[PDB]
>>> print(open('coords_31.cif').read())   # mmCIF, C-alpha atoms
data_run
#
loop_
_atom_site.group_PDB
_atom_site.id
_atom_site.type_symbol
_atom_site.label_atom_id
_atom_site.label_comp_id
_atom_site.auth_asym_id
_atom_site.auth_seq_id
_atom_site.Cartn_x
_atom_site.Cartn_y
_atom_site.Cartn_z
ATOM 1 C CA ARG A 1591 -5.399 -25.707 19.477
ATOM 2 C CA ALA A 1592 -4.273 -22.314 18.135
ATOM 3 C CA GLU A 1593 -2.054 -21.926 15.054
ATOM 4 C CA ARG A 1594 -0.625 -20.220 11.938
ATOM 5 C CA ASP A 1595 -1.405 -16.644 10.843
ATOM 6 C CA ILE A 1596 -3.782 -16.621 7.887
ATOM 7 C CA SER A 1597 -2.119 -15.810 4.587
ATOM 8 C CA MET A 1598 -4.291 -16.343 1.518
ATOM 9 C CA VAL A 1599 -3.987 -16.606 -2.224
ATOM 10 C CA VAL A 1600 -6.899 -16.378 -4.621
ATOM 11 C CA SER A 1601 -7.791 -18.600 -7.565
ATOM 12 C CA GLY A 1602 -10.190 -18.807 -10.492
ATOM 13 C CA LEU A 1603 -11.788 -15.464 -9.584
ATOM 14 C CA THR A 1604 -12.815 -12.630 -11.925
ATOM 15 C CA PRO A 1605 -11.182 -9.219 -11.264
ATOM 16 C CA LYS A 1606 -14.389 -8.016 -9.553
ATOM 17 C CA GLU A 1607 -14.410 -11.090 -7.271
ATOM 18 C CA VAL A 1608 -10.685 -10.605 -6.644
ATOM 19 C CA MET A 1609 -11.402 -7.016 -5.613
ATOM 20 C CA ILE A 1610 -14.120 -8.239 -3.267
ATOM 21 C CA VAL A 1611 -11.588 -10.553 -1.520
ATOM 22 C CA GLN A 1612 -8.994 -7.762 -1.343
ATOM 23 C CA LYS A 1613 -11.282 -5.501 0.710
ATOM 24 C CA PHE A 1614 -12.550 -8.422 2.821
ATOM 25 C CA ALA A 1615 -8.933 -9.212 3.670
ATOM 26 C CA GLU A 1616 -8.205 -5.629 4.686
ATOM 27 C CA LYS A 1617 -11.318 -5.570 6.898
ATOM 28 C CA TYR A 1618 -10.044 -8.569 8.878
ATOM 29 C CA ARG A 1619 -6.332 -7.990 8.516
ATOM 30 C CA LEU A 1620 -5.911 -11.280 6.621
ATOM 31 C CA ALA A 1621 -2.655 -11.488 4.647
ATOM 32 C CA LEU A 1622 -3.162 -11.904 0.910
ATOM 33 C CA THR A 1623 -0.525 -12.525 -1.768
ATOM 34 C CA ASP A 1624 -0.638 -12.925 -5.541
ATOM 35 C CA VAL A 1625 1.486 -16.082 -5.627
ATOM 36 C CA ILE A 1626 1.725 -19.046 -3.253
ATOM 37 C CA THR A 1627 4.547 -18.469 -0.756
ATOM 38 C CA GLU A 1628 5.828 -20.323 2.299
ATOM 39 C CA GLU A 1629 3.335 -18.520 4.486
ATOM 40 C CA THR A 1630 0.302 -19.411 2.348
ATOM 41 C CA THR A 1631 -2.266 -21.213 4.478
ATOM 42 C CA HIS A 1632 -5.483 -20.813 2.426
ATOM 43 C CA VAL A 1633 -6.310 -21.028 -1.255
ATOM 44 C CA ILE A 1634 -9.658 -19.279 -1.903
ATOM 45 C CA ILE A 1635 -11.188 -20.557 -5.081
ATOM 46 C CA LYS A 1636 -14.452 -20.169 -7.009
ATOM 47 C CA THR A 1637 -16.799 -23.171 -6.654
ATOM 48 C CA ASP A 1638 -20.286 -24.142 -7.793
ATOM 49 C CA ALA A 1639 -23.051 -24.888 -5.246
ATOM 50 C CA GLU A 1640 -21.580 -28.339 -4.475
ATOM 51 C CA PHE A 1641 -18.161 -26.947 -3.473
ATOM 52 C CA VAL A 1642 -16.595 -28.217 -6.694
ATOM 53 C CA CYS A 1643 -13.983 -26.015 -8.363
ATOM 54 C CA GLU A 1644 -12.091 -25.763 -11.635
ATOM 55 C CA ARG A 1645 -8.606 -27.392 -11.823
ATOM 56 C CA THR A 1646 -6.021 -24.609 -11.427
ATOM 57 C CA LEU A 1647 -2.314 -24.504 -10.589
ATOM 58 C CA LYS A 1648 -2.980 -23.025 -7.163
ATOM 59 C CA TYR A 1649 -5.561 -25.698 -6.443
ATOM 60 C CA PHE A 1650 -3.002 -28.452 -7.153
ATOM 61 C CA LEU A 1651 -0.231 -26.575 -5.322
ATOM 62 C CA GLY A 1652 -2.732 -26.038 -2.524
ATOM 63 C CA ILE A 1653 -3.555 -29.744 -2.158
ATOM 64 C CA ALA A 1654 0.115 -30.771 -2.607
ATOM 65 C CA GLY A 1655 0.881 -28.669 0.460
ATOM 66 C CA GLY A 1656 -1.997 -29.860 2.639
ATOM 67 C CA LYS A 1657 -3.413 -26.316 2.667
ATOM 68 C CA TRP A 1658 -6.959 -25.172 3.305
ATOM 69 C CA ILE A 1659 -8.778 -24.971 -0.060
ATOM 70 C CA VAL A 1660 -11.764 -22.669 0.556
ATOM 71 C CA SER A 1661 -14.742 -21.716 -1.609
ATOM 72 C CA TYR A 1662 -15.054 -18.031 -2.487
ATOM 73 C CA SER A 1663 -18.563 -18.442 -1.048
ATOM 74 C CA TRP A 1664 -16.915 -18.349 2.388
ATOM 75 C CA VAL A 1665 -16.083 -14.753 1.569
ATOM 76 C CA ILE A 1666 -19.461 -13.803 0.134
ATOM 77 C CA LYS A 1667 -21.312 -15.399 3.050
ATOM 78 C CA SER A 1668 -19.095 -14.065 5.813
ATOM 79 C CA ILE A 1669 -19.648 -10.627 4.224
ATOM 80 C CA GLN A 1670 -23.432 -10.916 4.548
ATOM 81 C CA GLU A 1671 -23.170 -12.129 8.171
ATOM 82 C CA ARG A 1672 -20.918 -9.246 9.203
ATOM 83 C CA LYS A 1673 -18.504 -11.672 10.835
ATOM 84 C CA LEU A 1674 -15.348 -13.614 9.983
ATOM 85 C CA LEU A 1675 -16.831 -17.116 9.651
ATOM 86 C CA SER A 1676 -14.973 -20.354 10.218
ATOM 87 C CA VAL A 1677 -13.602 -21.797 6.995
ATOM 88 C CA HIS A 1678 -14.603 -25.405 7.818
ATOM 89 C CA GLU A 1679 -18.017 -25.586 6.168
ATOM 90 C CA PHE A 1680 -16.594 -23.976 3.029
ATOM 91 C CA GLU A 1681 -13.777 -26.392 2.283
ATOM 92 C CA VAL A 1682 -13.589 -27.419 -1.393
ATOM 93 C CA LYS A 1683 -14.757 -31.023 -1.862
ATOM 94 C CA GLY A 1684 -13.299 -31.617 -5.299
ATOM 95 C CA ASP A 1685 -12.882 -30.290 -8.809
ATOM 96 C CA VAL A 1686 -14.851 -30.495 -12.066
ATOM 97 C CA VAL A 1687 -13.286 -33.903 -12.798
ATOM 98 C CA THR A 1688 -13.545 -35.637 -9.417
ATOM 99 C CA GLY A 1689 -16.959 -34.351 -8.421
ATOM 100 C CA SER A 1690 -17.512 -33.942 -4.672
ATOM 101 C CA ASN A 1691 -17.397 -37.418 -3.136
ATOM 102 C CA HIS A 1692 -13.673 -37.965 -2.733
ATOM 103 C CA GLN A 1693 -12.875 -34.842 -0.691
ATOM 104 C CA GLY A 1694 -9.251 -34.701 -1.814
ATOM 105 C CA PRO A 1695 -8.472 -31.264 -0.272
ATOM 106 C CA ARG A 1696 -9.548 -32.499 3.158
ATOM 107 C CA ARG A 1697 -7.893 -35.923 2.876
ATOM 108 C CA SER A 1698 -4.626 -34.181 1.908
ATOM 109 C CA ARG A 1699 -5.052 -31.602 4.659
ATOM 110 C CA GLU A 1700 -5.842 -34.007 7.487
ATOM 111 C CA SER A 1701 -3.277 -36.623 6.467
ATOM 112 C CA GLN A 1702 -0.555 -33.974 6.323
ATOM 113 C CA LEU A 1705 2.414 -39.261 -2.334
ATOM 114 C CA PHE A 1706 5.185 -39.665 -4.912
ATOM 115 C CA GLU A 1707 7.788 -40.711 -2.316
ATOM 116 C CA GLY A 1708 10.480 -42.945 -3.816
ATOM 117 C CA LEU A 1709 9.426 -42.296 -7.407
ATOM 118 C CA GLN A 1710 11.775 -40.915 -10.065
ATOM 119 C CA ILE A 1711 9.849 -38.649 -12.345
ATOM 120 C CA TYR A 1712 10.908 -36.720 -15.408
ATOM 121 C CA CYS A 1713 8.796 -34.029 -17.104
ATOM 122 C CA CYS A 1714 9.424 -34.224 -20.867
ATOM 123 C CA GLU A 1715 9.550 -30.589 -22.119
ATOM 124 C CA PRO A 1716 6.451 -30.571 -24.383
ATOM 125 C CA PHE A 1717 3.506 -29.515 -22.173
ATOM 126 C CA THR A 1718 0.105 -28.000 -22.938
ATOM 127 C CA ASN A 1719 -1.563 -26.461 -19.867
ATOM 128 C CA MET A 1720 0.959 -25.505 -17.150
ATOM 129 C CA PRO A 1721 4.756 -24.813 -17.290
ATOM 130 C CA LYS A 1722 7.326 -27.559 -16.725
ATOM 131 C CA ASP A 1723 8.705 -25.469 -13.868
ATOM 132 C CA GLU A 1724 5.539 -25.589 -11.774
ATOM 133 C CA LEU A 1725 4.845 -29.247 -12.535
ATOM 134 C CA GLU A 1726 8.269 -30.094 -11.052
ATOM 135 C CA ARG A 1727 7.477 -27.872 -8.066
ATOM 136 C CA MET A 1728 4.234 -29.839 -7.533
ATOM 137 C CA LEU A 1729 6.164 -33.114 -7.806
ATOM 138 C CA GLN A 1730 8.778 -32.084 -5.192
ATOM 139 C CA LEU A 1731 6.003 -31.010 -2.822
ATOM 140 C CA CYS A 1732 4.561 -34.533 -3.121
ATOM 141 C CA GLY A 1733 7.927 -36.106 -2.328
ATOM 142 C CA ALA A 1734 8.987 -37.157 -5.826
ATOM 143 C CA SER A 1735 12.647 -37.362 -6.842
ATOM 144 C CA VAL A 1736 12.323 -34.851 -9.666
ATOM 145 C CA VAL A 1737 14.531 -35.980 -12.561
ATOM 146 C CA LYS A 1738 16.054 -33.000 -14.340
ATOM 147 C CA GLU A 1739 17.810 -34.895 -17.131
ATOM 148 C CA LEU A 1740 18.074 -38.323 -18.714
ATOM 149 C CA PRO A 1741 20.048 -40.521 -18.322
ATOM 150 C CA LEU A 1742 20.238 -40.436 -14.501
ATOM 151 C CA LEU A 1743 23.814 -41.735 -14.214
ATOM 152 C CA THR A 1744 25.018 -41.302 -10.601
ATOM 153 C CA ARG A 1745 21.751 -39.454 -9.786
ATOM 154 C CA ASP A 1746 19.785 -42.733 -10.136
ATOM 155 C CA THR A 1747 17.945 -43.884 -6.987
ATOM 156 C CA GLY A 1748 17.151 -47.246 -8.545
ATOM 157 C CA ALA A 1749 13.471 -46.429 -9.158
ATOM 158 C CA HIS A 1750 12.319 -47.095 -12.716
ATOM 159 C CA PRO A 1751 11.742 -43.549 -14.087
ATOM 160 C CA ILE A 1752 8.298 -42.178 -14.984
ATOM 161 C CA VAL A 1753 8.350 -39.839 -17.964
ATOM 162 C CA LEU A 1754 5.408 -37.427 -17.985
ATOM 163 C CA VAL A 1755 4.139 -36.353 -21.394
ATOM 164 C CA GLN A 1756 1.851 -34.000 -23.385
ATOM 165 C CA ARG A 1776 7.864 -45.457 -18.176
ATOM 166 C CA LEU A 1777 5.971 -43.078 -20.459
ATOM 167 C CA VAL A 1778 2.978 -41.664 -18.592
ATOM 168 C CA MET A 1779 0.333 -39.011 -19.263
ATOM 169 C CA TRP A 1780 0.715 -36.036 -16.931
ATOM 170 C CA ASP A 1781 -2.986 -36.304 -16.003
ATOM 171 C CA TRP A 1782 -1.727 -39.113 -13.778
ATOM 172 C CA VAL A 1783 -0.176 -36.430 -11.531
ATOM 173 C CA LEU A 1784 -3.266 -34.222 -11.466
ATOM 174 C CA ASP A 1785 -5.649 -37.070 -10.685
ATOM 175 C CA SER A 1786 -3.378 -38.390 -7.945
ATOM 176 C CA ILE A 1787 -3.172 -34.970 -6.308
ATOM 177 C CA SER A 1788 -6.891 -34.210 -6.834
ATOM 178 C CA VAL A 1789 -7.888 -37.227 -4.723
ATOM 179 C CA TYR A 1790 -4.682 -37.276 -2.719
ATOM 180 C CA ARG A 1791 -3.789 -40.807 -3.676
ATOM 181 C CA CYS A 1792 -0.955 -42.171 -5.851
ATOM 182 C CA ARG A 1793 -2.941 -43.653 -8.692
ATOM 183 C CA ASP A 1794 -2.177 -46.827 -10.589
ATOM 184 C CA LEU A 1795 0.020 -45.906 -13.600
ATOM 185 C CA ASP A 1796 -1.336 -48.539 -15.969
ATOM 186 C CA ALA A 1797 -4.360 -46.484 -16.909
ATOM 187 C CA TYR A 1798 -2.107 -43.582 -17.884
ATOM 188 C CA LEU A 1799 0.723 -45.199 -19.867
ATOM 189 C CA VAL A 1800 1.041 -43.922 -23.436
ATOM 190 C CA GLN A 1801 3.785 -46.440 -24.259
#
>>> encode(input="coords_31.cif", output="structure tokens")
Amino acid sequence: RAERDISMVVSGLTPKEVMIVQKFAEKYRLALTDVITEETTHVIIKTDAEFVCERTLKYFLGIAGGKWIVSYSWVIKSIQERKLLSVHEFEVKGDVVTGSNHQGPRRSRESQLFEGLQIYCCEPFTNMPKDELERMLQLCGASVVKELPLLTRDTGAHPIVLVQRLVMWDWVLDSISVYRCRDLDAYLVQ
């Protein structure tokens, strides 16, 4: 059961912690990039003691792609053991919103969402850029709607318009966080 060469990305880490991962990578010849590429296999992110992390773009992109989401602690502990530990016991269990009982990273990883849905991101967005939200959507199988009306581009699926038919974007984050297409009703603004 041998596979893929390890290429990591790092998330939610302070510059000092980033530097600690950079040297750790060199010591074990682990690839490490600044942005998530096609080769990315692991997203190393800061977690509390319960393997719960902060919601970041890479975390969502990580789950969307069924990647290994690993606690920075895997790095700190494999450094004090002198050996390259297995990532398994350090897999992120959830984020600050989900808590640790749903194990979304693992569910997404082992099972590998918006298949057959027509979704449009309405320009005004707070946290992340419209460009990356659409990237996330495509990764989860959504038919990303670039412009309204759909005209000949229409698949027949009643569009979902993500904001701030009309749905809060948190619907996307929550669905990815627990790797489950959530019920839209709770997120409709209109």
>>> resolve_selection(input="coords_31.cif", expression="the PyMOL selection byres ((chain A and resi 1669) around 12)", output="VMD selection string")
chain A and resid 1610 to 1611 1613 to 1615 1617 to 1618 1662 to 1668 1670 to 1675
>>> closest_residue(input="coords_31.cif", among="A:1707, A:1692, A:1635, A:1778", to="residue 1650 (chain A)", atoms="all atoms listed in the file")
A:1635
>>> residues_around(input="coords_31.cif", residues="residue 1788 (chain A)", least_positions_apart="4", cutoff="10 Å", atoms="all atoms listed in the file", output="compact mmCIF listing (two decimals) with C-alpha atoms, in the frame of the given file")
# COMPACT_ATOMS: atom_id res chain seq x y z
CA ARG A 1645 -8.61 -27.39 -11.82
CA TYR A 1649 -5.56 -25.70 -6.44
CA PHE A 1650 -3.00 -28.45 -7.15
CA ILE A 1653 -3.56 -29.74 -2.16
CA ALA A 1654 0.12 -30.77 -2.61
CA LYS A 1683 -14.76 -31.02 -1.86
CA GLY A 1684 -13.30 -31.62 -5.30
CA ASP A 1685 -12.88 -30.29 -8.81
CA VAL A 1687 -13.29 -33.90 -12.80
CA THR A 1688 -13.54 -35.64 -9.42
CA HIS A 1692 -13.67 -37.97 -2.73
CA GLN A 1693 -12.88 -34.84 -0.69
CA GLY A 1694 -9.25 -34.70 -1.81
CA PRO A 1695 -8.47 -31.26 -0.27
CA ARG A 1697 -7.89 -35.92 2.88
CA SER A 1698 -4.63 -34.18 1.91
CA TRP A 1782 -1.73 -39.11 -13.78
CA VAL A 1783 -0.18 -36.43 -11.53
CA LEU A 1784 -3.27 -34.22 -11.47
CA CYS A 1792 -0.96 -42.17 -5.85
>>> resolve_selection(input="coords_31.cif", expression="the PyMOL selection byres ((chain A and resi 1732) around 12)", output="PyMOL selection string")
chain A and resi 1650-1656+1698+1702+1705-1711+1725-1731+1733-1736+1783-1784+1786-1787+1790-1792
>>> atom_distance(input="coords_31.cif", atom1="CA of residue 1742 (chain A)", atom2="CA of residue 1647 (chain A)")
27.9 Å
>>> atom_distance(input="coords_31.cif", atom1="CA of residue 1716 (chain A)", atom2="CA of residue 1754 (chain A)")
9.4 Å
>>> atom_distance(input="coords_31.cif", atom1="CA of residue 1658 (chain A)", atom2="CA of residue 1632 (chain A)")
4.7 Å
>>> closest_residue(input="coords_31.cif", among="A:1626, A:1797, A:1634, A:1743", to="residue 1779 (chain A)", atoms="all atoms listed in the file")
A:1797
>>> residues_around(input="coords_31.cif", residues="residue 1599 (chain A)", least_positions_apart="3", cutoff="9 Å", atoms="only C-alpha atoms", output="list in words")
residues 1621, 1622, 1623, 1624, 1625, 1626, 1627, 1630, 1631, 1632, 1633, 1634, 1635 and 1648 of chain A
>>> closest_residue(input="coords_31.cif", among="A:1604, A:1753, A:1741, A:1609", to="residue 1636 (chain A)", atoms="only C-alpha atoms")
A:1604
>>> closest_residue(input="coords_31.cif", among="A:1745, A:1789, A:1676, A:1755", to="residue 1689 (chain A)", atoms="only C-alpha atoms")
A:1789
>>> decode(input="coords_31.cif", residues="region 1595-1616 of chain A", atoms="N, CA and C atoms", output="tab-separated table (two decimals), in the first residue's frame")
chain	number	residue	atom	x	y	z
A	1595	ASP	N	4.24	11.01	-3.27
A	1595	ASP	CA	5.36	11.70	-2.63
A	1595	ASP	C	4.80	12.87	-1.84
A	1596	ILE	N	5.21	12.98	-0.58
A	1596	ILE	CA	4.74	14.03	0.30
A	1596	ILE	C	5.10	15.46	-0.07
A	1597	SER	N	4.09	16.24	-0.40
A	1597	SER	CA	4.28	17.65	-0.69
A	1597	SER	C	3.32	18.40	0.25
A	1598	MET	N	3.89	19.21	1.14
A	1598	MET	CA	3.08	19.94	2.10
A	1598	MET	C	2.91	21.42	1.86
A	1599	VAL	N	1.92	21.95	2.57
A	1599	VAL	CA	1.62	23.38	2.59
A	1599	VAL	C	1.44	23.62	4.08
A	1600	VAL	N	1.55	24.87	4.50
A	1600	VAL	CA	1.44	25.16	5.91
A	1600	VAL	C	0.35	26.20	6.13
A	1601	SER	N	-0.36	26.09	7.25
A	1601	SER	CA	-1.47	27.00	7.51
A	1601	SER	C	-1.64	27.44	8.96
A	1602	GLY	N	-2.06	28.69	9.14
A	1602	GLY	CA	-2.29	29.22	10.47
A	1602	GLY	C	-1.09	29.20	11.41
A	1603	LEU	N	0.12	29.21	10.85
A	1603	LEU	CA	1.34	29.20	11.66
A	1603	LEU	C	2.02	30.56	11.70
A	1604	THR	N	2.64	30.87	12.83
A	1604	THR	CA	3.40	32.12	12.99
A	1604	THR	C	4.70	31.94	12.18
A	1605	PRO	N	5.37	33.05	11.83
A	1605	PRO	CA	6.62	32.92	11.06
A	1605	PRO	C	7.64	32.00	11.75
A	1606	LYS	N	7.76	32.08	13.08
A	1606	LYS	CA	8.68	31.17	13.78
A	1606	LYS	C	8.26	29.71	13.55
A	1607	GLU	N	6.97	29.41	13.71
A	1607	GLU	CA	6.50	28.03	13.50
A	1607	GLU	C	6.69	27.64	12.02
A	1608	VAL	N	6.49	28.59	11.11
A	1608	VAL	CA	6.70	28.27	9.70
A	1608	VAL	C	8.17	27.86	9.55
A	1609	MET	N	9.07	28.68	10.08
A	1609	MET	CA	10.49	28.37	9.99
A	1609	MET	C	10.83	27.02	10.58
A	1610	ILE	N	10.14	26.63	11.65
A	1610	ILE	CA	10.40	25.31	12.23
A	1610	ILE	C	9.98	24.19	11.27
A	1611	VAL	N	8.92	24.39	10.49
A	1611	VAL	CA	8.46	23.38	9.52
A	1611	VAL	C	9.43	23.33	8.34
A	1612	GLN	N	9.90	24.51	7.92
A	1612	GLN	CA	10.83	24.59	6.80
A	1612	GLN	C	12.09	23.76	6.99
A	1613	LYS	N	12.68	23.82	8.19
A	1613	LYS	CA	13.88	23.03	8.48
A	1613	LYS	C	13.55	21.55	8.65
A	1614	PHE	N	12.39	21.26	9.25
A	1614	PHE	CA	11.94	19.89	9.45
A	1614	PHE	C	11.77	19.21	8.09
A	1615	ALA	N	11.26	19.98	7.13
A	1615	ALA	CA	11.03	19.48	5.79
A	1615	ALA	C	12.35	19.12	5.13
A	1616	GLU	N	13.30	20.04	5.22
A	1616	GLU	CA	14.63	19.85	4.66
A	1616	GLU	C	15.25	18.56	5.24
